[PDB]
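**Student:** Just dropping this structure here.
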Amino acid sequence: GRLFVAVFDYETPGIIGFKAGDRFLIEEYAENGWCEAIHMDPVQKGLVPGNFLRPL
Numbered sequence: 318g319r320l321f322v323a324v325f326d327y328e329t330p334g335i336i337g338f339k340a341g342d343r344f345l346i347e348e349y350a351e352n353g354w355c356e357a358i359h360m361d366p367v368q369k370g371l372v373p374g375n376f377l378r379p380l
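In case it helps, the deposited numbering puts the sequence shown at residues 318 to 330, 334 to 361, 366 to 380.
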């Protein structure tokens, strides 16, 4: 699916933590709640809040 980047920190949240500028591959994006994402920047897959992210 598509490439996203975090525009807000969600360190201290499976659900996964991240920092603004982290990148995600997301197959089913959802602007509300949480979606499945591969996180980069090893490589971890989990749930991330969609509204913390923007398309790249």
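A virtual CB, placed ideally from N, CA and C, is assigned to each residue, including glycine.
1) Could you check if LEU377 is buried or exposed, using at least 16 other CB atoms within 10 Å of its CB as the buried criterion?
2) Would DSSP call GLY334 helix, strand or coil?
3) Hey, how far is the Cα of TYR349 from the Cα of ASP326?
4) Cβ atoms of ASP361 and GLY334: under 9 Å apart, would you say?
5) Chain C beta carbons: is any one of them nearer than 9 Å to that of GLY353?
**Tutor:** Quick answer:
1) By 1-based counting over the sequence shown, the position of residue 377 is 53. Per the 10 Å Cβ criterion, buried.
2) Sequence index remark: in the sequence shown, residue 334 carries index 14 (1-based). Here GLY334 carries a coil assignment [DSSP, helix/strand/coil].
3) If you number the sequence shown from 1, residue 349 lands on position 29. If you number the sequence shown from 1, residue 326 lands on position 9. Rounded to the nearest angstrom, the gap between the Cα atoms of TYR349 and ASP326 is 18 Å.
4) Stepping through the sequence shown from its first residue, residue 334 is reached at position 14. Stepping through the sequence shown from its first residue, residue 361 is reached at position 41. No, Cβ-Cβ distance for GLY334 and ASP361 is not below 9 Å.
5) Reference to chain C is not applicable here, since this structure consists of a single protein chain.
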